[PDB]
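Encoded as structure tokens, the structure appears first; notes follow it.
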Amino acid sequence: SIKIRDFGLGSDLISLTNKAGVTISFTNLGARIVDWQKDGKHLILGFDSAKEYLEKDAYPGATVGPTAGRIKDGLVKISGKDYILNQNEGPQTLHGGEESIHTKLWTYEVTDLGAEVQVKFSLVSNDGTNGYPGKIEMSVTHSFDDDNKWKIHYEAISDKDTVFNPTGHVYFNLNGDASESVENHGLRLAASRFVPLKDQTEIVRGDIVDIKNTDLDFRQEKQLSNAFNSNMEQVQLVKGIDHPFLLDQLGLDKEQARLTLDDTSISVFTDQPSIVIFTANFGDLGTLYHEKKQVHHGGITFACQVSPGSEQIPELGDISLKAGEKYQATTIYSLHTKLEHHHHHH
Amino acid sequence: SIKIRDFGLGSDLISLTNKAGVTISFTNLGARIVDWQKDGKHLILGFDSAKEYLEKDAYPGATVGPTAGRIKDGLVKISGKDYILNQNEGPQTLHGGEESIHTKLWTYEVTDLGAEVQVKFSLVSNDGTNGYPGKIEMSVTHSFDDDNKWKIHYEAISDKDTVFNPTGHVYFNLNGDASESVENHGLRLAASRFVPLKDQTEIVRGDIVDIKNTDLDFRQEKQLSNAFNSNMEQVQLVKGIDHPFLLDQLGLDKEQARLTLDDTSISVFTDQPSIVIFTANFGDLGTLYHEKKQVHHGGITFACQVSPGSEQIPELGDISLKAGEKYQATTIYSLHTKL
Ligand SMILES: OC[C@H]1O[C@@H](O)[C@H](O)[C@@H](O)[C@@H]1O
Ligand SMILES: OC[C@H]1O[C@@H](O)[C@H](O)[C@@H](O)[C@@H]1O
Ligand code: NA
């Protein structure tokens with residue numbers, strides 16, 4: 001079933017329920033996921049109205065871009081030309097600059113395919129917006145099916161050579177309560193290397209480091225506390241995790257990550273080369289989610305994209321987008337029950 | 001009463017009915033007026049869904065900007081520097097450039113004051129959008145009251161020196177049907193001068209002309225057919241009217257224009273210096289409004305703003321907006337019925 005209602009400020013809330021009774025919801029404000037529940041428990045973090053997003057934190061569950069992450073000094077090189085983008089975090093351009101796409105009302109259309117329902121959100125990024133050459137016609141399609149798979153499909157075409165590498169900023173918290181840390185979750189992630197940050201400004205250091213056998217190695221499932229409790233310089237630097245992990249094997253076919261709590265698991269599939277993991281290292285900020293004060297480590301993202309820093313570390317990729325060339329990216333989060341035995345205590 | 005409903009593509013339709021039973025409706029798609037009716041008659045032109053506006057004509061009833069009208073070569077000088085805006089009509093920048101603010105979904109909030117209801121739409125134009133320095137936080141409040149007054153108040157603030165001169169693009173048609181020319185309406189206009197167009201590109205000619213005692217003098221009410229049957233080269237050039245008229249006296253308290261058809265009349269008030277009048281000179285286009293084929297001259301605008309062409313004729317005014325300055329503009333359309 002599909003249901004729609006106003007969500008505030010002129011935005012809408014589109015709620016879907018599949019045949020298994022799982023419900024998921026999105027808003028056109030930032031083409032974003034608002035909630036995902038199983039048996040009345042929230043699987044992700046979200047608010048109850050549009051205004052909260054705008055007043056508390058506008059990133060959660062959003063489509064962010066045109067370029068996800070931080071670009072050192074807002075400087076990109078496009079077809080031999082230097083361009084300075086909006087700098088909204090000191091001299092850095094973070095998540096596309098200020099008042100970016102995650103803050104806009106996108107138009108949308110719903111397509112009912114029976115076992116699958118699609119919500120295609122559209123938006124045009126005008127030429128020059130936040131310094132990006134364009135115009136860029138973008139669309140983000142969120143779909144949910146009878147097999148509990150939530151899929152995000154991005155498409156984009158630009159009138160001019162530009163840069164594009166958006167991502168989805170959902171935060172998971174299988175506790176279903178923001179006030180409960182995710183250190184009790186089990187994590188498996190198919191990555192042998194990571195990208196360290198230079199310092200507190202969070203730009204990339206310039207090197208790629210092997211994490212095998214460190215507290216950041218999750219090739220084999222381990223509890224998140226292992227990382228949170230780590231005194232590794234990088235962990236101490238950000239007070240948790242806030243890094244790109246380079247996937248060892250690429251392809252939409254491989255389960256790249258799996259997050260488990262008790263009998264529930266979320267599997268991550270993507271055609272992108274890296275996953276940026278940020279564990280809500282907000283300290284005592286205490287943003288209220290459904291009236292619960294969020295705790296430090298009260299959430300985790302799996303933002304799949306081309307790793308940030310490719311400006312300095314070309315080995316990471318090329319996010320350029322040629323005029324007329326069709327960009328496409330696909331990320332899938334699938335929900336499972338009793339996938340494995342995970343019975344722990346913290 | 002206030003009613004909100006889904007207008008298509010995720011946009012909303014907000015309809016306000018006042019104590020007199022008159023109904024006006026807006027959509028956040030473009031902070032625009034969609035309909036205005038009395039005794040089941042439409043007074044303005046509009047479509048029945050969001051898609052129609054995107055497919056047929058995105059201007060009708062919309063908030064257009066940041067700069068309304070045509071800018072020669074898309075060029076403006078800001079702080080002595082030349083800036084090139086998005087060119088969407090040849091080398092000209094018409095109504096803000098392609099995919100401008102009229103095609104965006106704006107956020108909004110409704111405020112019910114009893115005798116009056118206000119709908120405040122807001123949108124942020126990012127720095128560099130379509131070549132315009134910013135960011136510009138903009139808001140347009142459309143309100144409707146029990147006295148049948150529809151008012152539009154604009155406000156804006158920019159982080160950088162820029163240009164700003166928006167307008168409301170409603171088209172009136174007291175016939176209540178697009179297939180009927182407005183040539184039968186009577187128009188009164190408190191303007192003794194107009195801005196001639198250079199040619200078919202519609203950029204300004206460079207001069208200001210006195211229209212006293214010509215087919216375009218509407219200082220005393222007259223039927224539009226007059227102007228329509230004129231042999232003035234300017235009328236002939238565009239096949240109707242498509243020009244900025246310079247108001248004789250500035251100020252919100254003066255009725256600047258008045259459009260009349262039978263017992264029904266619309267009065268225009270504004271704090272702007274000019275009114276741009278365009279008589280839907282679409283020839284055979286035949287755009288469909290409520291299943292009715294539009295006819296050449298099947299509508300007329302009263303776009304209040306600073307006259308286009310100030311880039312070449314500085315006397316027209318100055319559209320700059322300095323960083324930190326708050327821009328404000330107000331335009332009111334008042335509906336009257338003779339008893
Ligand atoms: O929401 C704020 C957070 O956004 C994340 O996407 C970034 O990686 C964090 O460093 C930042 O503090
Ligand atoms: O909507 C299209 C029309 O917009 C008006 O504001 C212009 O003056 C006309 O020349 C143009 O054809
Ligand atoms: Na709505």
Side-chain angles (χ1 to χ4, degrees), chain B residues 14-27 30-39 41-46 59-65 68 102 113 115-121 140-155 166-176 182 185-191 218 221 224 241 244-245 247 249-280 299-306 328-338:
Chain B
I14 301 104
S15 310
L16 332 177
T17 296
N18 66 7
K19 260 132 221 159
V22 179
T23 286
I24 199 166
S25 323
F26 309 98
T27 178
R32 129 185 14 241
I33 180 163
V34 173
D35 196 20
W36 194 7
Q37 53 168 283
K38 188 162 113 269
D39 308 322
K41 191 127 158 212
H42 295 308
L43 303 173
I44 69 159
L45 297 187
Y59 292 119
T63 286
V64 295
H102 60 295
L113 302 173
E116 185 183 313
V117 181
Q118 301 165 348
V119 187
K120 190 195 208 154
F121 295 92
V140 179
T141 301
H142 281 285
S143 63
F144 190 50
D145 74 13
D146 285 331
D147 277 305
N148 294 329
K149 289 186 212 122
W150 159 43
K151 185 211 300 183
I152 323 173
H153 178 60
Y154 303 78
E155 299 197 324
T167 203
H169 210 290
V170 63
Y171 282 97
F172 282 98
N173 191 328
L174 309 180
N175 284 313
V182 303
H185 301 31
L187 167 72
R188 203 201 87 236
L189 172 70
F218 283 93
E221 181 168 310
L224 279 171
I241 309 170
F245 282 78
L247 307 182
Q249 289 146 60
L250 297 213
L252 211 52
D253 52 12
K254 209 206 155 213
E255 167 184 39
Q256 311 271 17
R258 185 204 267 140
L259 183 71
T260 302
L261 184 52
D262 303 335
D263 301 303
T264 301
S265 107
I266 309 285
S267 305
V268 178
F269 299 80
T270 178
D271 57 2
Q272 306 291 297
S274 108
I275 298 177
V276 178
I277 296 178
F278 169 61
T279 55
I300 177 163
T301 63
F302 292 94
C304 302
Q305 53 175 99
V306 164
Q328 291 196 49
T330 300
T331 299
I332 295 168
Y333 294 97
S334 173
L335 159 73
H336 311 267
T337 294
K338 85 184 315 220

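Scope of the values below: all heavy atoms of this structure, side chains included, with no hydrogens, waters or symmetry mates. Chain identifiers are assigned alphabetically (A, B, ...) following the order of the sequence lines, protein sequences preceding nucleic acid strands; residue numbering begins at 1 within each chain.
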Partners meeting side-chain contact (heavy atoms from CB on, under 4.5 Å) with B/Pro166 (sequence neighbours left out): B/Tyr154, B/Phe164, B/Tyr327
Partners of B/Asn148 by side chain to side chain donor-acceptor pair (under 3.5 Å), sequence neighbours excluded? B/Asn18
Verify, without hydrogens or angle tests, whether B/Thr63 (side chain) and B/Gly168 (backbone) share a donor-acceptor contact under 3.5 angstrom. no
Output, in order, the C-alpha distance, side-chain angles, deciding distance and verdict of side chain to side chain contact (heavy atoms under 4.5 Å, CB included) for B/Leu335 and B/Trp36. CA-CA 10 Å; B/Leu335 159 73; B/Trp36 194 7; 3.6 Å; yes
More than 12 heavy atoms of other residues, nucleotides or ligands under 6.0 Å from NZ of B/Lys38: yes or no? yes
In chain order, what residues pass the side chain to side chain donor-acceptor pair (under 3.5 Å) check against B/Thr23, with sequence neighbours excluded? B/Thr17
Check ring pair (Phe, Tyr, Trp, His ring centres under 6.0 Å) between B/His42 and all other residues, then give those that pass, not counting sequence neighbours. B/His290
B/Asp271 meets the side-chain contact (heavy atoms from CB on, under 4.5 Å) criterion, sequence neighbours left out, with B/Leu252, B/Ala329, B/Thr330
Taking side-chain contact (heavy atoms from CB on, under 4.5 Å) as the definition, give me every residue that meets it alongside B/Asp263, ordered by chain and number, with sequence neighbours left out. B/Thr337, B/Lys338
With B/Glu155 via side chain to side chain donor-acceptor pair (under 3.5 Å) - residues at least two apart: B/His153, B/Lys326
Residues two or more places apart in sequence or in another chain: which of them pass salt bridge (charged side-chain N to carboxylate O under 4.0 Å, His left out) with B/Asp146? B/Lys19
Under 4.5 Å between any side-chain heavy atoms of B/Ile277 and B/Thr279, yes or no? yes
Sorted by chain and residue number, the ring pair (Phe, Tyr, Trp, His ring centres under 6.0 Å) partners of B/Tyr333 (sequence neighbours excluded) come out as B/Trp150, B/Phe172
Tell me which pairs pass side chain to side chain donor-acceptor pair (under 3.5 Å) where either residue lies in residues 249-260 of chain B, with sequence neighbours left out. B/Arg188-B/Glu255, B/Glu255-B/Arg258, B/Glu255-B/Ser267
I'd like to check the side-chain contact (heavy atoms from CB on, under 4.5 Å) partners of B/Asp145; sequence neighbours left out, ordered by chain and number. B/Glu116, B/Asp147, B/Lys149
Would the distance check show the side chain of B/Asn173 and the main-chain N or O of B/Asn175 forming a donor-acceptor pair, the cut-off being under 3.5 Å? yes
Given the side-chain rings of B/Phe144 and B/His142, with only the six-membered ring counted for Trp, is the space between their centroids under 6.0 Å? no
Out of B/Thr167, B/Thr270, B/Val64, which residue meets the side-chain contact (heavy atoms from CB on, under 4.5 Å) rule with B/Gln305? B/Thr167
Does the B/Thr331 side chain pair with the main chain of B/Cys304, one donor and one acceptor, at a distance under 3.5 Å? no
Residues passing the side chain to side chain donor-acceptor pair (under 3.5 Å) test with B/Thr301, sequence neighbours excluded, are none
